[PDB]
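Asker: The structure is given below, and queries will be raised subsequently.
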Amino acid sequence: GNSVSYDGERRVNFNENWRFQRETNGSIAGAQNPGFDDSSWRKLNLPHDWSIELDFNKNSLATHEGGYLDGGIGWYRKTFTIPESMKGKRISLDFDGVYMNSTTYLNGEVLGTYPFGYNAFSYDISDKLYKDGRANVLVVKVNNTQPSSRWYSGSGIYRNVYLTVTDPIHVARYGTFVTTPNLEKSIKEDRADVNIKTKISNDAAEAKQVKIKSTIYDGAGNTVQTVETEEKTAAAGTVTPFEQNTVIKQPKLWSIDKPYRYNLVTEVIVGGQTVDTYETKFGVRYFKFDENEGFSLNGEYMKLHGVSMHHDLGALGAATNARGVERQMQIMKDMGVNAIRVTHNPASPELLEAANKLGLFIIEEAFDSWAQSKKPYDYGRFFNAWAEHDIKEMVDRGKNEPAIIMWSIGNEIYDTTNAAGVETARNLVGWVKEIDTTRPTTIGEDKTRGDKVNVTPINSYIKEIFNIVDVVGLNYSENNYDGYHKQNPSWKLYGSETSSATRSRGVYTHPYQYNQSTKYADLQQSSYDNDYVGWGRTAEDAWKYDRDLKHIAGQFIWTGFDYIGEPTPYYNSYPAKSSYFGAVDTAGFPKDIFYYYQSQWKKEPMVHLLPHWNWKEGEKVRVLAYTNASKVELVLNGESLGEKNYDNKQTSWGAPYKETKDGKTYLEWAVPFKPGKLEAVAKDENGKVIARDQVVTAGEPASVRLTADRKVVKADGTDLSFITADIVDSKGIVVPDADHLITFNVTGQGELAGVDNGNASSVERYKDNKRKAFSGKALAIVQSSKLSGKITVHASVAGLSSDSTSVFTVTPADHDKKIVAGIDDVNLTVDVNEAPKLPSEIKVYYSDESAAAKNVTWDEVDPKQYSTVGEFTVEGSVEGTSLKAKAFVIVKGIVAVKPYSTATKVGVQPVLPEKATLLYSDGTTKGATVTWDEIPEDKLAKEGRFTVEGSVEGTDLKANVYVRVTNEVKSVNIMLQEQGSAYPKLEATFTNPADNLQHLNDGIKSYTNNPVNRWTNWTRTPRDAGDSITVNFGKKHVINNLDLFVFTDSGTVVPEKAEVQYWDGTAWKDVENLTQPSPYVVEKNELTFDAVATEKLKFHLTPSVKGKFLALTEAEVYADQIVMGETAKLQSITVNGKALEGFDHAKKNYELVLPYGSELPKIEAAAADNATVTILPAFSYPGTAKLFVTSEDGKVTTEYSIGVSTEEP
């Protein structure tokens, strides 16, 4: 409980040294009062979301709409003391945000409560604090009862917390309001009129004469204008407004492509000298929403290329972070976005700051729902009492911001059709108009959609509300865009939410089909932009609707970034947790629709090829090229496939745009896949090259190379660097479908903030060290600490060469001068007897992220280290700075023999794969083609195993493999009947004696005229729960089809469902390719279920019409295959052919002490009755050889580990 630091700064950071606890076994009595002992409670910093830390409970009170993260009640506590420096002056506690139903106590007394929680609030605290110097105990209770939102929201203090220390006479909470009336006219004379409607409050015991000095500061820092008011009395305890006017000569206008701003410093003067100062940054701008010409900033017309977003920052959870929000805005700007529609709740301050700096329009949403709540614990529970306060606070906070151009009142509100809804809307508009009057108020409506093909008539109350608001927004109602403009010329229209399509990264299924909200087995969505919710639209359709109409200001594509929760195409699905709507995945890797929108909006030339190039030989693959170029041709590994081009179509008012004759905005080809490289060139209207892009096929996974966005970060303790882990081919090409487990490791002046891959269907906790790559990529976030230095990140994958990358951490004072911040170390790996390569120039990283390449002098080299196997380091120097370089080089290759195993049995040759691993005793993992030795049938037609030599190609040494006695598979041929066979036997939960179950495979049906064949489940006792049928097999074949026909009578009906299953040999498991049909009582049917090892095949049923019983007519099944068998435990263990000390099942690990520098031991092990043993020869000095064995049929196994140890040097 250290005293808060303070050095005269008006606002003091308060995120340090807090304690947290989450209720798990009922209420924690006595938490609020100081008497509680929180010694055991964990420490942490306040940008924090205790709902992302937890794991995905599928029984969480929040269903799929919420991400399945648990909510509940959490407690926060801080003990602190006020330094004497701040005694006798006003202090207040400010929260920028804390989720639902906050209740804060101080010194064991209720300090206040605030339900809304998406919005900042404050409490006055000076009186409560102990001026005696005692320890003040602050407690915050958060009661985010989980069923409270549609989208995942996090929990706890997810925004920065501050203390505000000011003189008793001080500027108000938001006591500044900079506006430039009539700028549209005054700009003609290069003169920006300014008004400063500042406010000051006096908490002193008696009124004092007060004076204001306000000076507008240029962006660089030089002054621009100054003003000073005549002194007036400030009545004690009340706010006395002031107003000043000034003119700025030749203003620098804020613009999307040039976001300039001015800083205003208001100094309060009492007694002839300053007593308080306030900083507020504004900009000079003027925009108009015209009912005919739409949006236009300054005197320039421009469409509102916008996207909706959610406050969710991704792997960070709900916790705000400046760099993360900045990265999101920068990516969206790179997409060509102009405006951001903020969620359905107010914006974080970091979002507004990023918008101002990068130049993006912002629309603030007030509420997700009015009094009519949408969830049992939603905000509507408190609306009647807190709506005015919340809307007033939001408008007051955002008013000075130049980025904001709107104040949305709500969205998707189900009581908006009632008269009371109109009354509430009028009241809300009035409340908003009280503070701010220079921005329109709007509302997003969806009920106007109706049938999305026709101009739906408008409900009367909706018409009244639309008249009330200044600008009207529409949800998925493109059909009403032009009609309502004709029927209501006064209105101004724009698309609040359009094209709610779904798409996953790296998934390219059903290219030639468009489906409306259809689930799939793999829990994915096609990236061909052909899947959407029923009310949504294809992105091309929505963009075509918006583009053609002048009066429409623009659209806001839903969910620029996907977010946790709301997986609409997979309602109530168990593994699905994250929305698919994202144009950029949760981690931040763009999808292909990113490039579509880039081509559509950004004016720079570019090209992107949609599908990856790792398909099967001889297959036709749909290839689409998003581009704004007039021509494109694909050079398929040397030969041009064919050129396609656009037509420079012009809109009604003459806007030029490109599109094909067919009316498609994207070029397309149908190409038979040929492995190799596929390059595309964009040719301008004259046929001259303007941009290029290529996709090249990848091979086997080779490495895990890491890339960081910003290699230099600030040491403030919160700046982040986003590192991308890519599974890449030996050539360095990212493998399109790579999905492996990556284990990270971070050391230095930084910590692992989180990990991500973007797999919406993965339920792997974000706050963990390891993460499974999805579509060949993964993301690890590292945050700097208070101390300068470097952060080193290490990643490793089983079977692939590891990699490491560095991130340099400089102090905030350093980050304005290009002092040398560090140098990246070259990583090299070469075969034995292979010379190295050191680049003549290496990248030297100054501060300010202004890195560059510089000359390098490399120290002498001794060829001894490369005519051998091992590891070492090489040094160098750089002329520019005294800092030294460094290089790590790995030498590996042929060392010793490598273990391996395979399997066989009677009548079948062993499984001889055509590739062998180059798993030498050094950690090598290269693969090479192998031809295994021929074996005669004398060895194969009996029990036992044998050794087979692997004639590897291109390598000096051959591979040796051992044989298990379990493998069994022959063919996939068709079979009709068996003269002699005992396999076709069946059993069921119940069967009627008068209906033989074995008659279901006679092959006879009663379509024309034949004997009646059926099976009966009728019983006087109801059996509506369900019954199942089973069939056994012992074949070595693959199934071709499956029968599920049905017989019906006065008592029997069709099954409700068929939950087919397979028995590989140890349990029951559901089969793949189910495709169960709806009732089929009329005509024939055919099914082609997946081929699986199905020693016993079983399917469970339930009655289609309950109260009736089950029946069948023909359910023949055909084939099966077998894999596994039996074996025993471990028997042998050795080190360099010797024994081992203290070897027993009980001990976890064993080691052998060796002289220092000794060659790594050869470690071998064997198992009784020739079991599968995962032998692991020693590879390097650090590490231990860990072995695992297969034994018996179930959990029987034991971990055997031998750790190499040495003596001192």
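Please note that chains go A, B, ... in the order of the structure tokens, that every chain numbers its residues from 1, and that ligands are numbered from 1 in the order shown.
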From segment 351-488 of chain A, collect each residue whose DSSP state is strand (DSSP E or B) and return the set as a count of residues only.
Answerer: 22
Asker: Step one, run DSSP on the backbone; step two, keep only residues of segment 563-662 of chain A assigned to alpha helix (DSSP H); then write them as a list in words.
Answerer: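 Of segment 563-662 of chain A, only residues 592, 593, 594, 595, 596, 597, 598, 599, 600 and 601 of chain A fall in alpha helix (DSSP H).
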Asker: Write the residues you've just listed into a file as a CSV table (one decimal), in the first residue's frame, and include N, CA and C atoms for each of them.
Answerer:
```csv
chain,number,residue,atom,x,y,z
A,592,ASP,N,-10.0,-12.3,-47.2
A,592,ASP,CA,-10.0,-11.8,-48.6
A,592,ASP,C,-11.0,-10.7,-48.9
A,593,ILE,N,-12.1,-10.6,-48.1
A,593,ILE,CA,-13.0,-9.6,-48.3
A,593,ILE,C,-12.4,-8.2,-48.0
A,594,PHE,N,-11.3,-8.3,-47.1
A,594,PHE,CA,-10.5,-7.1,-46.9
A,594,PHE,C,-10.0,-6.6,-48.2
A,595,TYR,N,-9.4,-7.4,-49.1
A,595,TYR,CA,-8.9,-7.0,-50.3
A,595,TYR,C,-10.0,-6.7,-51.3
A,596,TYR,N,-11.1,-7.3,-51.2
A,596,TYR,CA,-12.3,-6.9,-52.0
A,596,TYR,C,-12.6,-5.4,-51.8
A,597,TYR,N,-12.8,-5.1,-50.5
A,597,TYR,CA,-13.1,-3.7,-50.1
A,597,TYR,C,-12.0,-2.7,-50.5
A,598,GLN,N,-10.7,-3.2,-50.3
A,598,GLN,CA,-9.6,-2.4,-50.7
A,598,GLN,C,-9.7,-2.0,-52.2
A,599,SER,N,-10.0,-3.0,-53.1
A,599,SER,CA,-10.1,-2.8,-54.5
A,599,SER,C,-11.3,-1.8,-54.7
A,600,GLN,N,-12.4,-2.0,-54.0
A,600,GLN,CA,-13.6,-1.2,-54.3
A,600,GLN,C,-13.4,0.2,-53.9
A,601,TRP,N,-12.7,0.5,-52.8
A,601,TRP,CA,-12.7,1.8,-52.2
A,601,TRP,C,-11.3,2.5,-52.4
```
Asker: Taking 3 positions as the minimum chain separation for residues in the same chain, which residues sit within 9 Å of segment 213-216 of chain A when counting only C-alpha atoms? Answer as a VMD selection string.
Answerer: chain A and resid 196 222 to 229 244 248 262 to 269 274
Asker: Within 10 Å of residue 723 of chain A, counting only C-alpha atoms, which residues qualify if same-chain residues fewer than 3 places away don't, as JSON, numbers by chain?
Answerer: {"A": [706, 707, 708, 709, 710, 711, 720, 726, 755, 778, 779, 780, 781, 782, 793, 805, 806, 807]}
Asker: Could you list, with a cut-off of 8 Å and counting only C-alpha atoms, the residues of segment 446-488 of chain A near segment 519-542 of chain A, each shown with its nearest atom pair and the distance in Å rounded to one decimal, rows sorted by chain and ascending number, as a tab-separated table?
Answerer:
```
residue	atom	partner	partner_atom	distance
A:452	CA	A:535	CA	7.7
A:476	CA	A:536	CA	6.2
A:478	CA	A:542	CA	7.2
```
Asker: Can I get the selected residues back with C-alpha atoms, as a PDB file, in the first residue's frame?
Answerer:
```pdb
ATOM      1  CA  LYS A 452     -36.121  -7.310 -48.786  1.00  0.00           C
ATOM      2  CA  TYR A 476     -30.359  -4.388 -44.124  1.00  0.00           C
ATOM      3  CA  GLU A 478     -31.394  -1.692 -49.243  1.00  0.00           C
TER       4      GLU A 478
END
```
Asker: Which of these residues is nearest to residue 326 of chain A, using only C-alpha atoms: A:721, A:392, A:641, A:509?
Answerer: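 The closest residue to residue 326 of chain A is A:721.
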Asker: Leaving out residue 623 of chain A and any residue of its chain fewer than 5 positions from it, which residues lie within 9 Å of it when counting only C-alpha atoms, given as a list in words?
Answerer: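 Residues near the query, excluding close chain neighbours: residues 609, 610, 611, 612, 667, 668, 669, 670 and 671 of chain A.
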Asker: Deliver the residues from the most recent selection as a file, using N, CA and C atoms, as a PDB file, in the first residue's frame.
Answerer:
```pdb
ATOM      1  N   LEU A 609      -5.163 -12.493 -55.215  1.00  0.00           N
ATOM      2  CA  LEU A 609      -5.705 -13.747 -55.722  1.00  0.00           C
ATOM      3  C   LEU A 609      -6.311 -14.522 -54.561  1.00  0.00           C
ATOM      4  N   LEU A 610      -7.577 -14.892 -54.704  1.00  0.00           N
ATOM      5  CA  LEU A 610      -8.378 -15.368 -53.587  1.00  0.00           C
ATOM      6  C   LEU A 610      -7.931 -16.740 -53.084  1.00  0.00           C
ATOM      7  N   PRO A 611      -8.037 -17.806 -53.873  1.00  0.00           N
ATOM      8  CA  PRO A 611      -7.746 -19.139 -53.340  1.00  0.00           C
ATOM      9  C   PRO A 611      -6.254 -19.380 -53.168  1.00  0.00           C
ATOM     10  N   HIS A 612      -5.940 -20.328 -52.288  1.00  0.00           N
ATOM     11  CA  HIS A 612      -4.577 -20.819 -52.175  1.00  0.00           C
ATOM     12  C   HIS A 612      -4.310 -21.857 -53.263  1.00  0.00           C
ATOM     13  N   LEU A 667     -13.076 -10.204 -61.062  1.00  0.00           N
ATOM     14  CA  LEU A 667     -12.718 -11.089 -62.159  1.00  0.00           C
ATOM     15  C   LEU A 667     -12.628 -12.524 -61.659  1.00  0.00           C
ATOM     16  N   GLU A 668     -12.836 -13.471 -62.572  1.00  0.00           N
ATOM     17  CA  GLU A 668     -12.936 -14.871 -62.192  1.00  0.00           C
ATOM     18  C   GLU A 668     -12.353 -15.751 -63.287  1.00  0.00           C
ATOM     19  N   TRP A 669     -11.828 -16.904 -62.875  1.00  0.00           N
ATOM     20  CA  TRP A 669     -11.335 -17.921 -63.791  1.00  0.00           C
ATOM     21  C   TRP A 669     -11.642 -19.299 -63.228  1.00  0.00           C
ATOM     22  N   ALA A 670     -11.793 -20.266 -64.128  1.00  0.00           N
ATOM     23  CA  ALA A 670     -11.883 -21.679 -63.780  1.00  0.00           C
ATOM     24  C   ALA A 670     -10.628 -22.362 -64.302  1.00  0.00           C
ATOM     25  N   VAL A 671      -9.777 -22.819 -63.388  1.00  0.00           N
ATOM     26  CA  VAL A 671      -8.433 -23.271 -63.741  1.00  0.00           C
ATOM     27  C   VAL A 671      -8.223 -24.702 -63.258  1.00  0.00           C
TER      28      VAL A 671
END
```
